[PDB]
Each structure stands twice: as C-alpha cells, then as structure tokens.
Amino acid sequence: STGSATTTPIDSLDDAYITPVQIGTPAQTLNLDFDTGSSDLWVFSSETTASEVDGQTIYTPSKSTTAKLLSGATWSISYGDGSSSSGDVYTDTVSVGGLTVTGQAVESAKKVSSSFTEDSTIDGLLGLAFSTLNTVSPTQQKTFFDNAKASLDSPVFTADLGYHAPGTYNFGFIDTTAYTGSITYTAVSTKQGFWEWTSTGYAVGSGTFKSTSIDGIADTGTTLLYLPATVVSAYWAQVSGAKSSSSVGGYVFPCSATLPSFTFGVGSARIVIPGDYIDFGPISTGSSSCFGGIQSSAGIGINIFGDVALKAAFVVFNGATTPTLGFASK
C-alpha cells in the first residue's frame with residue numbers, strides 16, 4: 001500500500017504545516033501537524049477542557065463506531081519548546097492520503113497548553129519519530145508509520161515541504177518526479193528516538209564550504225534551523241545590522257536586508273537554503289526588525305534541522321531495519 005497527502009502552511013510565514021487525517025467511522029477529518037520530532041498521535045477532542053478549545057476541530061470518539069477506549073491508558077507530553085498536552089487513549093481507524101491503519105492509538109487531549117489553544121489551525125499532532133518516544137502509559141503505543149510499515153510497498157515516508165506553498169507527505173514510495181539530481185542517503189542514530197544524523201558542514205552565501213560534523217535531528221515539527229553558535233554567528237555576520245537580541249529571543253535583522261543563502265552538507269552533497277527562506281518577518285506588527293530563521297541551538301542541547309532546512313529538500317525517512325535519511329535538491 002501507499003498514501004499521499006498534501007501538507008499546507010498554517011500562515012504566511014510557514015510557521016507549521018497541517019495535513020488532513022481521517023479518524024474513525026464515519027471519518028472525522030482533523031488537520032494534524034506531522035511531527036518527525038515526536039511519537040504521539042494526539043487530537044483535540046470532545047474531552048478537551050472547553051476553555052482550552054478555541055476554533056479547533058475536535059475528535060468525538062462516541063460518534064465513531066470503530067473507536068474503543070484503551071482501558072487504563074493515559075498520556076502526557078512535554079515538547080522542547082515548553083508546550084504540553086495530556087489525556088486518555090482510544091484506538092480507532094486512521095487514514096492519511098488513502099493509507100489506512102486499523103487499531104491506531106489516538107490520544108485524546110483532556111488538557112493542552114496555551115500555545116495549542118491559540119493555534120486554531122492545528123487540531124493535533126501526528127508523531128513520526130521512533131515509537132520508543134511514545135508517552136502512553138502503562139503500555140507504550142506505536143506511531144502511525146510503525147503500524148503501517150509492514151503493509152507499505154517500501155518502509156519509507158517522504159517530506160516535501162513547500163516554501164510559502166503546499167507540499168506533500170508520501171508513505172510507502174519515493175516519487176522520483178519530486179526532486180532533481182540524486183538522493184544522498186546518510187546514517188541515522190535512533191539512540192535518542194529521533195531521526196538523528198550528522199551533516200558534513202556548511203557555507204554562508206557564496207562563501208567557501210566549511211567541512212565540519214554537525215549532529216542534529218530532522219524535525220518537521222520545529223519551524224526554524226537551530227545550529228551551533230559558531231555557525232549561526234558566521235551566518236548573521238554577513239547581514240549588515242543583524243544582531244542577537246536577548247529581549248526578542250534570538251537573532252534579528254533589518255527588514256530592509258537581502259539575506260544570503262545557507263548551504264548544509266549531506267555527505268558529499270549540498271542543500272542550499274535560499275536567503276528568503278530565512279526571513280520570518282517583523283518581530284511585531286509594523287516593526288522594521290525582522291526575526292531570523294537560523295538561530296543558535298546553545299541551551300537546547302541538540303541541533304535541529306527544522307522546516308527552514310527541510311523545505312529546501314526532498315527528504316526520505318527510510319524506516320528499514322537500519323534506518324537512514326535521504327536528501328535531494330528539488
């Protein structure tokens with residue numbers, strides 16, 4: 001089997017992407033944030049504290065003839081950005097882009113933190129990291145991809161995120177028309193439960209490539225590109241007037257600037273992030289200070305290849321017995 005679903009930016013900055021997912025019988029379609037940095041499929045629901053729901057579409061398990069309470073199971077997750085959610089668990093039928101899993105754990109939120117309530121466009125998350133990170137207790141549950149894997153034509157999914165435009169998540173096949181050149185594959189460590197890999201270096205604009213190992217994770221659920229402070233300083237030094245602002249929380253730059261590109265290495269291959277992808281717009285409405293899309297990972301504890309980096313590539317998440325990651329230009 002295969003599946004193919006369009007993923008759409010939630011706003012004009014590409015802050016996140018939502019993908020429609022069918023849950024239950026008859027189908028209840030919710031728009032979920034596909035997240036290669038976590039391993040829980042959770043949804044706003046009829047059980048979510050009413051004051052914490054503000055415009056999201058909710059899953060109502062009592063209206064699904066295939067929903068079953070997973071007796072005794074609870075979940076609670078805290079994400080790297082300080083957000084959180086928790087609740088109980090149903091199993092139900094879940095379909096993405098024509099690919100159907102029966103008996104998928106659907107984690108129903110009883111509580112969500114403020115940033116989730118404030119994002120009316122995101123009805124929940126669909127985790128695509130390794131199932132070892134799933135938070136369901138006392139019986140850990142499998143991700144949608146892990147449940148689908150055995151049935152897929154090939155044990156892979158691909159992320160093709162758009163810049164200021166829709167893109168695609170495919171399951172079970174590699175669309176050879178969706179990228180240019182060849183796909184370069186690179187080793188993955190699953191020891192922390194993430195799609196963790198080592199970039200071979202970077203370049204700023206038209207500058208020379210610096211060969212240096214940069215360990216990090218491919219995280220579709222993170223908006224920006226978080227890299228070591230040395231690398232980030234080298235980038236912003238090429239933008240007149242750019243500076244790190246403690247009050248704003250990162251590097252800012254004059255909105256009148258033209259940003260240089262940023263290249264990262266994948267083996268001997270190179271992925272180029274155009275300068276425009278690094279512009280996240282005014283820090284507040286009407287400001288002439290703009291927020292940068294490349295930020296320091298110091299204090300996060302890990303480097304993160306988030307959407308800014310991933311949307312410059314066609315990315316293969318190869319879930320074979322020994323997982324690997326593939327990157328192609330597009």
# chains A, B, ... in the order shown; residues from 1 in each chain; ligands from 1
call {"tool": "closest_atom_pairs", "arguments": {"of": "stretch 212-262 of chain A", "to": "stretch 157-163 of chain A", "cutoff": "12 Å", "atoms": "only C-alpha atoms", "output": "tab-separated table"}}
result
residue	atom	partner	partner_atom	distance
A:218	CA	A:159	CA	10.4
A:219	CA	A:159	CA	10.5
A:220	CA	A:159	CA	8.3
A:221	CA	A:161	CA	11.6
A:223	CA	A:161	CA	11.5
call {"tool": "closest_atom_pairs", "arguments": {"of": "stretch 77-119 of chain A", "to": "stretch 38-56 of chain A", "cutoff": "12 Å", "atoms": "only C-alpha atoms", "output": "CSV"}}
result
residue,atom,partner,partner_atom,distance
A:77,CA,A:40,CA,8.3
A:78,CA,A:38,CA,10.0
A:79,CA,A:38,CA,8.2
A:80,CA,A:38,CA,9.9
A:84,CA,A:42,CA,11.1
A:85,CA,A:42,CA,8.6
A:86,CA,A:42,CA,8.6
A:87,CA,A:48,CA,8.2
A:88,CA,A:47,CA,8.9
A:89,CA,A:42,CA,8.7
A:90,CA,A:42,CA,10.1
A:91,CA,A:41,CA,10.9
A:92,CA,A:41,CA,11.5
A:94,CA,A:41,CA,10.2
A:104,CA,A:41,CA,8.8
A:105,CA,A:41,CA,7.1
A:106,CA,A:41,CA,5.7
A:107,CA,A:42,CA,4.3
A:108,CA,A:43,CA,5.4
A:109,CA,A:48,CA,5.3
A:110,CA,A:48,CA,4.1
A:111,CA,A:48,CA,5.8
A:112,CA,A:52,CA,6.6
A:113,CA,A:52,CA,7.7
A:114,CA,A:52,CA,7.4
A:115,CA,A:52,CA,9.9
A:116,CA,A:52,CA,8.3
A:117,CA,A:52,CA,5.4
A:118,CA,A:54,CA,6.9
A:119,CA,A:56,CA,8.0
call {"tool": "select_by_dssp", "arguments": {"residues": "stretch 71-262 of chain A", "states": "helix (DSSP H, G or I)", "output": "PyMOL selection string"}}
result
chain A and resi 114-118+131-133+144-151+229-236
call {"tool": "write_last_selection", "arguments": {"atoms": "N, CA, C and O atoms", "output": "JSON list (two decimals), in the first residue's frame"}}
result
[["chain", "number", "residue", "atom", "x", "y", "z"],
["A", 114, "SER", "N", -1.27, 26.61, 26.47],
["A", 114, "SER", "CA", -1.84, 27.80, 25.85],
["A", 114, "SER", "C", -1.47, 27.92, 24.37],
["A", 114, "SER", "O", -2.28, 28.39, 23.57],
["A", 115, "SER", "N", -0.24, 27.55, 23.99],
["A", 115, "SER", "CA", 0.14, 27.74, 22.59],
["A", 115, "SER", "C", -0.68, 26.86, 21.66],
["A", 115, "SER", "O", -0.91, 27.24, 20.51],
["A", 116, "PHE", "N", -1.12, 25.69, 22.13],
["A", 116, "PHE", "CA", -2.01, 24.86, 21.33],
["A", 116, "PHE", "C", -3.40, 25.50, 21.22],
["A", 116, "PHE", "O", -3.96, 25.60, 20.12],
["A", 117, "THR", "N", -3.95, 25.96, 22.34],
["A", 117, "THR", "CA", -5.25, 26.63, 22.29],
["A", 117, "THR", "C", -5.23, 27.79, 21.31],
["A", 117, "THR", "O", -6.20, 28.01, 20.57],
["A", 118, "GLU", "N", -4.14, 28.55, 21.30],
["A", 118, "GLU", "CA", -4.03, 29.75, 20.49],
["A", 118, "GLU", "C", -3.80, 29.47, 19.01],
["A", 118, "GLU", "O", -3.94, 30.39, 18.20],
["A", 131, "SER", "N", 9.02, 4.94, 17.83],
["A", 131, "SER", "CA", 7.98, 4.63, 18.81],
["A", 131, "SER", "C", 8.51, 4.54, 20.24],
["A", 131, "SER", "O", 7.73, 4.63, 21.19],
["A", 132, "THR", "N", 9.82, 4.38, 20.42],
["A", 132, "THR", "CA", 10.41, 4.42, 21.76],
["A", 132, "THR", "C", 10.12, 5.71, 22.51],
["A", 132, "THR", "O", 10.21, 5.72, 23.74],
["A", 133, "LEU", "N", 9.78, 6.81, 21.82],
["A", 133, "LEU", "CA", 9.44, 8.06, 22.49],
["A", 133, "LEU", "C", 7.96, 8.20, 22.83],
["A", 133, "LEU", "O", 7.58, 9.18, 23.46],
["A", 144, "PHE", "N", 1.79, 5.91, 13.81],
["A", 144, "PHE", "CA", 1.08, 5.58, 12.58],
["A", 144, "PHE", "C", 2.00, 4.91, 11.57],
["A", 144, "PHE", "O", 1.63, 3.92, 10.93],
["A", 145, "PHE", "N", 3.21, 5.43, 11.41],
["A", 145, "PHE", "CA", 4.15, 4.86, 10.46],
["A", 145, "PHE", "C", 4.57, 3.46, 10.87],
["A", 145, "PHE", "O", 4.61, 2.55, 10.04],
["A", 146, "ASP", "N", 4.84, 3.24, 12.16],
["A", 146, "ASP", "CA", 5.22, 1.91, 12.61],
["A", 146, "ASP", "C", 4.10, 0.92, 12.37],
["A", 146, "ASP", "O", 4.35, -0.22, 11.96],
["A", 147, "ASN", "N", 2.85, 1.33, 12.60],
["A", 147, "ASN", "CA", 1.73, 0.44, 12.35],
["A", 147, "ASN", "C", 1.54, 0.16, 10.87],
["A", 147, "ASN", "O", 1.14, -0.94, 10.49],
["A", 148, "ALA", "N", 1.80, 1.14, 10.01],
["A", 148, "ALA", "CA", 1.59, 0.97, 8.58],
["A", 148, "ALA", "C", 2.72, 0.24, 7.87],
["A", 148, "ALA", "O", 2.50, -0.30, 6.78],
["A", 149, "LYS", "N", 3.90, 0.20, 8.49],
["A", 149, "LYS", "CA", 5.14, -0.12, 7.80],
["A", 149, "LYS", "C", 5.05, -1.44, 7.05],
["A", 149, "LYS", "O", 5.39, -1.53, 5.86],
["A", 150, "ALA", "N", 4.60, -2.49, 7.74],
["A", 150, "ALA", "CA", 4.62, -3.83, 7.16],
["A", 150, "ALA", "C", 3.78, -3.90, 5.89],
["A", 150, "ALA", "O", 4.05, -4.73, 5.01],
["A", 151, "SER", "N", 2.75, -3.06, 5.79],
["A", 151, "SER", "CA", 1.85, -3.07, 4.65],
["A", 151, "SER", "C", 2.34, -2.19, 3.51],
["A", 151, "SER", "O", 1.86, -2.35, 2.38],
["A", 229, "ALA", "N", 26.39, 27.92, 17.91],
["A", 229, "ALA", "CA", 26.54, 29.37, 17.95],
["A", 229, "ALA", "C", 27.61, 29.87, 16.99],
["A", 229, "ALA", "O", 27.48, 30.98, 16.46],
["A", 230, "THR", "N", 28.69, 29.11, 16.81],
["A", 230, "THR", "CA", 29.74, 29.50, 15.87],
["A", 230, "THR", "C", 29.19, 29.63, 14.46],
["A", 230, "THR", "O", 29.48, 30.60, 13.75],
["A", 231, "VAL", "N", 28.41, 28.64, 14.03],
["A", 231, "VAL", "CA", 27.85, 28.61, 12.68],
["A", 231, "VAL", "C", 26.87, 29.77, 12.50],
["A", 231, "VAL", "O", 26.87, 30.46, 11.48],
["A", 232, "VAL", "N", 26.00, 29.95, 13.48],
["A", 232, "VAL", "CA", 24.96, 30.98, 13.41],
["A", 232, "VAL", "C", 25.57, 32.38, 13.39],
["A", 232, "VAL", "O", 25.12, 33.26, 12.65],
["A", 233, "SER", "N", 26.62, 32.60, 14.20],
["A", 233, "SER", "CA", 27.30, 33.89, 14.18],
["A", 233, "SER", "C", 27.94, 34.15, 12.82],
["A", 233, "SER", "O", 27.89, 35.27, 12.30],
["A", 234, "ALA", "N", 28.54, 33.11, 12.22],
["A", 234, "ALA", "CA", 29.14, 33.27, 10.90],
["A", 234, "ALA", "C", 28.10, 33.65, 9.86],
["A", 234, "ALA", "O", 28.38, 34.44, 8.95],
["A", 235, "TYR", "N", 26.89, 33.08, 9.95],
["A", 235, "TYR", "CA", 25.83, 33.45, 9.02],
["A", 235, "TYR", "C", 25.43, 34.91, 9.20],
["A", 235, "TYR", "O", 25.44, 35.69, 8.24],
["A", 236, "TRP", "N", 25.05, 35.31, 10.42],
["A", 236, "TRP", "CA", 24.48, 36.64, 10.63],
["A", 236, "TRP", "C", 25.51, 37.74, 10.50],
["A", 236, "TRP", "O", 25.14, 38.89, 10.23]]
call {"tool": "residues_around", "arguments": {"residues": "residue A:255", "least_positions_apart": "3", "cutoff": "8 Å", "atoms": "only C-alpha atoms", "output": "list in words"}}
result
residues 281, 282, 288, 289 and 290 of chain A
call {"tool": "closest_residue", "arguments": {"among": "A:188, A:136, A:298, A:58", "to": "residue A:228", "atoms": "only C-alpha atoms"}}
result
A:298
call {"tool": "select_by_dssp", "arguments": {"residues": "stretch 93-298 of chain A", "states": "strand (DSSP E)", "output": "PyMOL selection string"}}
result
chain A and resi 93-96+99-112+124-127+156-160+167-171+184-187+196-204+210-218+225-227+243-245+250-254+262-266+269-273+279-282+289-292+294-296
call {"tool": "atom_distance", "arguments": {"atom1": "atom CA of residue A:314", "atom2": "atom CA of residue A:168"}}
result
9.7 Å
call {"tool": "atom_distance", "arguments": {"atom1": "atom CA of residue A:252", "atom2": "atom CA of residue A:36"}}
result
27.2 Å
call {"tool": "atom_distance", "arguments": {"atom1": "atom CA of residue A:319", "atom2": "atom CA of residue A:216"}}
result
17.8 Å
call {"tool": "residues_around", "arguments": {"residues": "residue A:276", "least_positions_apart": "4", "cutoff": "10 Å", "atoms": "only C-alpha atoms", "output": "PyMOL selection string"}}
result
chain A and resi 163+258-261+280+293
call {"tool": "closest_residue", "arguments": {"among": "A:22, A:31, A:83, A:141", "to": "residue A:9", "atoms": "only C-alpha atoms"}}
result
A:31
call {"tool": "residues_around", "arguments": {"residues": "residue A:99", "least_positions_apart": "5", "cutoff": "8 Å", "atoms": "only C-alpha atoms", "output": "list in words"}}
result
residues 1, 2, 3, 4, 148 and 171 of chain A
call {"tool": "write_last_selection", "arguments": {"atoms": "C-alpha atoms", "output": "PDB file, in the first residue's frame"}}
result
ATOM      1  CA  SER A   1       0.000   0.000   0.000  1.00  0.00           C
ATOM      2  CA  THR A   2       0.854   3.677  -0.241  1.00  0.00           C
ATOM      3  CA  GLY A   3      -0.552   7.011   0.879  1.00  0.00           C
ATOM      4  CA  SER A   4      -0.098  10.577  -0.361  1.00  0.00           C
ATOM      5  CA  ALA A 148       1.585   0.966   8.583  1.00  0.00           C
ATOM      6  CA  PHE A 171       4.059   6.926   2.584  1.00  0.00           C
TER       7      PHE A 171
END
call {"tool": "residues_around", "arguments": {"residues": "residue A:324", "least_positions_apart": "5", "cutoff": "8 Å", "atoms": "only C-alpha atoms", "output": "PDB file with N, CA, C and O atoms, in the first residue's frame"}}
result
ATOM      1  N   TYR A 185      21.872   9.497   0.719  1.00  0.00           N
ATOM      2  CA  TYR A 185      21.480   8.901   1.983  1.00  0.00           C
ATOM      3  C   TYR A 185      22.607   9.011   3.000  1.00  0.00           C
ATOM      4  O   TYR A 185      23.795   8.973   2.663  1.00  0.00           O
ATOM      5  N   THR A 186      22.218   9.126   4.260  1.00  0.00           N
ATOM      6  CA  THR A 186      23.156   9.328   5.357  1.00  0.00           C
ATOM      7  C   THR A 186      22.672   8.551   6.580  1.00  0.00           C
ATOM      8  O   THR A 186      21.475   8.319   6.753  1.00  0.00           O
ATOM      9  N   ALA A 187      23.617   8.154   7.426  1.00  0.00           N
ATOM     10  CA  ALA A 187      23.299   7.302   8.557  1.00  0.00           C
ATOM     11  C   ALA A 187      22.465   8.013   9.620  1.00  0.00           C
ATOM     12  O   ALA A 187      22.567   9.220   9.836  1.00  0.00           O
ATOM     13  N   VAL A 188      21.650   7.227  10.319  1.00  0.00           N
ATOM     14  CA  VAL A 188      20.787   7.714  11.384  1.00  0.00           C
ATOM     15  C   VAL A 188      21.136   6.976  12.667  1.00  0.00           C
ATOM     16  O   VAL A 188      21.349   5.759  12.652  1.00  0.00           O
ATOM     17  N   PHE A 317      12.624   9.570   4.804  1.00  0.00           N
ATOM     18  CA  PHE A 317      12.732   8.951   6.122  1.00  0.00           C
ATOM     19  C   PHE A 317      12.624   7.447   5.880  1.00  0.00           C
ATOM     20  O   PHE A 317      11.530   6.908   5.673  1.00  0.00           O
ATOM     21  N   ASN A 318      13.774   6.779   5.825  1.00  0.00           N
ATOM     22  CA  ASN A 318      13.828   5.363   5.474  1.00  0.00           C
ATOM     23  C   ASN A 318      13.769   4.548   6.754  1.00  0.00           C
ATOM     24  O   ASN A 318      14.733   4.525   7.529  1.00  0.00           O
ATOM     25  N   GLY A 319      12.637   3.886   6.978  1.00  0.00           N
ATOM     26  CA  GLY A 319      12.401   3.109   8.180  1.00  0.00           C
ATOM     27  C   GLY A 319      12.676   1.628   8.025  1.00  0.00           C
ATOM     28  O   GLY A 319      12.015   0.797   8.649  1.00  0.00           O
TER      29      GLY A 319
END
call {"tool": "closest_residue", "arguments": {"among": "A:82, A:249, A:127, A:26", "to": "residue A:291", "atoms": "only C-alpha atoms"}}
result
A:249
